[PDB]
Each structure stands twice: as structure tokens, then as C-alpha cells.
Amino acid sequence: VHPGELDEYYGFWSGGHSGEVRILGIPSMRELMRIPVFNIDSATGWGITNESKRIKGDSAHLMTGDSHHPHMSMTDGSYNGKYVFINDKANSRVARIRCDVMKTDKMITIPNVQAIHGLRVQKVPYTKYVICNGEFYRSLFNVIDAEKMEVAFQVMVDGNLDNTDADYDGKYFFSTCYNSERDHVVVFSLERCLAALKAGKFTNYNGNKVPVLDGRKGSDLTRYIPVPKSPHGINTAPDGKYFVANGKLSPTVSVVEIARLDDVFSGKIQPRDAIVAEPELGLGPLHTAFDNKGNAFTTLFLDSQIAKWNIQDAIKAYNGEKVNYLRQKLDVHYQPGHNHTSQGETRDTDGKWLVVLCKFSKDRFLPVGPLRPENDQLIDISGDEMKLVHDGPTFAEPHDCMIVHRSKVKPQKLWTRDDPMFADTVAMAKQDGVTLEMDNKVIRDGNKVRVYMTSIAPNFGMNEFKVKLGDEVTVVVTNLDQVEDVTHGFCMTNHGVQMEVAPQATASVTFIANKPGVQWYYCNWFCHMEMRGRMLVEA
């Protein structure tokens, strides 16, 4: 990607422990934007603005989180560009990002659980539900309503749940049990789950209304396919025909044929009969991604490699044929966890790019101290041979990523005044008699002051206001510029308050006027230089 040329895909990377989501240019691998979710963001005021606190809700007091599995919504198994879903492994939260504006717009705490592993989206007919694994010793599969951001129901299971995926028919979800020689993949029949809901075969644990179903062994709702051993990843192939459970402690992967699952649910066949391959690949197989020619790419954590293999040949070998299913092994640097192909989790898998997330970079970059970056490696798989083309230092241990063709995402260039994200601020303003598109007013409410001001580069609509020492001050800034990329900032000097105000947005922030005398506020973002003003704090 020379200068002047554009990337072909957007990458949505997990921020890991940074609590953000990152947008990347694929194949350049350059970071284009950071979207704050679970962190406190100095740049935007996310965590500190009243709008962001409202979105955070009950968890607004949390300052950190571990951004885990980012997935984008689909319509019938292709990305639709609408939302990106992400979980906080550390605090039992799932967040939704709206891709028109690239900001987090909803966040929920999942009830009845102390941790959240694994998040994926329903593929087909479209993303109605988001699924993830919870724990409290025992496990709960969670089905969340994507558009409502509410928990629909949960299914209690035998075992401890790890990763999840979904099929390409809308009938089934599945998850790996990391603990119960064999472990299992639990398969969830959605039809049967929804039936059981209408019948009223459910419980609520104390202090909530989330309906909990019984999906333990011998339930109608679930079948347990045995698989070795403490498996990790579970990955659906882009033809809808198989899924792969990744051995981890065992040097294999088990391939299951989704068409057989009905027969397992009827008792027409036994759970083991779902499995149609068990190819030995190498030590520590964690995660499998797929191309468009029926090959798979599996990360070998202990071996530090990617194994390319062919799924039809593996099925043939499990039936005693002499065919080589392993195509190639490629060293990676070092300790690969997850890997993802370009549009890989969808029907549009194009077989161009494989990304590998390696946990230890070692000698691969300049030394920068005891805290070291991870390595994200870009692999050209478009040809017969896999080829390592780029090493991407990466911060705070991203767990997972997602790659979408640019044609499927179309962000806004400006906010719109009716956006739900600052609707409640607009509501508050209306209560005070204030029209945000034209007014610069100060409202006095007891020991509170709300200060409504507009900004048009190169100045604020209010030169100054006067408050008392001690007063709780709320500042509502509306950026009335109508030109793309003309972000304004509001910074109240020496109070540790700053926030971006994008074109057409309103933002607000609340602080105590603790310091007496003339305080300066200004436009911190390049919006000029006059954008300046004074808060006179009186003794």
C-alpha cells in the first residue's frame, strides 16, 4: 500500500488489556483509529463525559477492562457493517459499537456470571443474537438480543465453557468445554431452546428476570459430542458444512459435520458419529481459520507454527485412505494463539490474507524495556505457498481480530442532531429552555451550574462565565461546524478535563470548580488559536 493508495479491508482488533478496539488497514497493518470501550480515554473524554457514563450505566465507576472478542453483525452469513460486539473478560460486560459513528453505544453487564469467555454472533438468517460463555465452578451459555442489547436467556450446562461458534443455518450454536480421555463440545438447538421458553420450562436466580434453561447432560436442549482434550477453539467452515474443535493438549483437531447434528438430536445416531475427521497436526493446536478452497490454517502453540491442511483429505485419512492431508507448516514468531483470514468467518472468505496473533515477539523488534510487544504476522495465502510478509508489533495482548472488506462498512462523516447517544443531554437542555444549535447560556441550579455553549472554529460562543468555589459545573459544548474532520476539543486547564466534540455532536462534562481565580478553557484540537475563554471562580 504505497502512499495515495487505500487499504482493501478493515481489521477490528481486540485491544486486550487496553480496553479499546482498534481499527486497522489490511494489508498495510497500520492502526487507523482506537475506539474506547472499557477504558478511560484521555483523547475523547470517554469515561469522563456524561454521555459515555450513561452508556456504561452500572459499570460507569470501573476504569479498566479486558477487551476480548470483537465480532461484526451479519445478514445471512456476510458482514453487514452495522455493529461490532465485544466482551470484557475481566468484568462480565458486553458492549456494542455502532459502525456508522465508530463509538460504543450500548454496554451491559451480563447477570448471574462472574466472567465472560468467548463471544460470537449469529450468522444466519442474520445477527439476531450474540452468544457468549459465562461462569459462576459451573457454566451458562448466554444468548443476548443483538439489537435490544438485553440478555434473552441462558442455558446452564455440565462442564466449563470456553469458545463458541454458530452455524450457517440458524439452527445451532456450539461451545467447547475446557473441563468436564475426552471432553466435549456442547451443541445447542435454538428451536428447542425457544420452544422451552414458550412452554415456561425455566428458572430465575435471585435478583433478576433472566430466564435460565436446563441444558445439562440428558436435557432435550443440548447434545455433548466427546472430543479430546480440554479443546480450545471452535471454528465454523465458511461452507456451513463443518466445524473444527481444536485439541490443545491433544495434537489433533476434530471436525464435525453439521448436517449430522439433527440425527444426533433425534437419537438416530450417537454423539461420536457427528465427528468425520480427527487429523494429527502438531503440538498445541489452538485455533483454525479457513480459506475459500477447502483448506484450514491451524495455530500450533507449542510447535510455534501454522499448519495448512485440507479438510476433505483429512476425512479421507480418518477412513483409512493413504492421502496426505497436511500441506505445509510455517514458522511463526512466536507462540501463535488466534489466526484469522480475510472475511474468514463469513461466506465471503476470499483466501487472500491470514493474520496470526503471536504472544511473544522476542528478537523480532527493537528492544523497548521489560514490557514488550506481541507480534501480529501477516501471511499471504493467496497462492499455493503460505508466505510471511509483515510483523506487526502490537500492544497489550490482543486476543482476537476480525477482517471485513471495505465495501461492507460505510461510516458517517458527521453526527446528526437526533443521535440517541446525546439525546438525554438534548432532553436536559430542553428542560432548561435551551436550544443547543443557537444558545450560549449559564443556568444556575442550587450549587450546580450548567453552561451551554456552541463552538464554531475559530471560537467558542462564550468568552467567560463566573461560578463560586465549590460549584459542580456541567459544560455542554455543541460543535456546529459542517465540515468533515473539524473536531473541536474542550479543555478546562488544570482540572484534568478534556473532551472531543466532533462536527454536529454535543458533549458534556461535569467537574467541581476547586481552584479559585481565573481558569482558562480552550479548544485543544486543531479547529486559528483564538478558541479560548475564562471561568472566573469566586471566593
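Throughout, we count residues from 1 along the sequence that is shown.
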Per the record, the count of deposited residues between residue 416 and residue 417 that have no coordinates is none
Deposited residues missing from the model between residue 21 and residue 22 number none
Stretch with higher mean Cα temperature factor, 479 to 487 vs 50 to 58, is 479 to 487
As the entry reports it, the stretch among 380 to 388 and 447 to 455 with higher mean C-alpha B factor is 380 to 388
From 9, 526, 12, 521, the top C-alpha temperature factor is at 526
Reading the B-factor column for Cα atoms of 93, 209, 260, 316, the highest value belongs to 209
Among the modelled residues of its chain, the C-alpha B-factor of residue 131 falls in the third labelled lowest
Quick tally, chain-level thirds of C-alpha B-factors: residue 139 sits in the highest
Tertile call for residue 147 (CA temperature factor, within chain, third-based) is the middle
Tertile call for residue 188 (CA temperature factor, within chain, third-based) is the middle
For residue 174, the third of its chain by CA B-factor is the middle
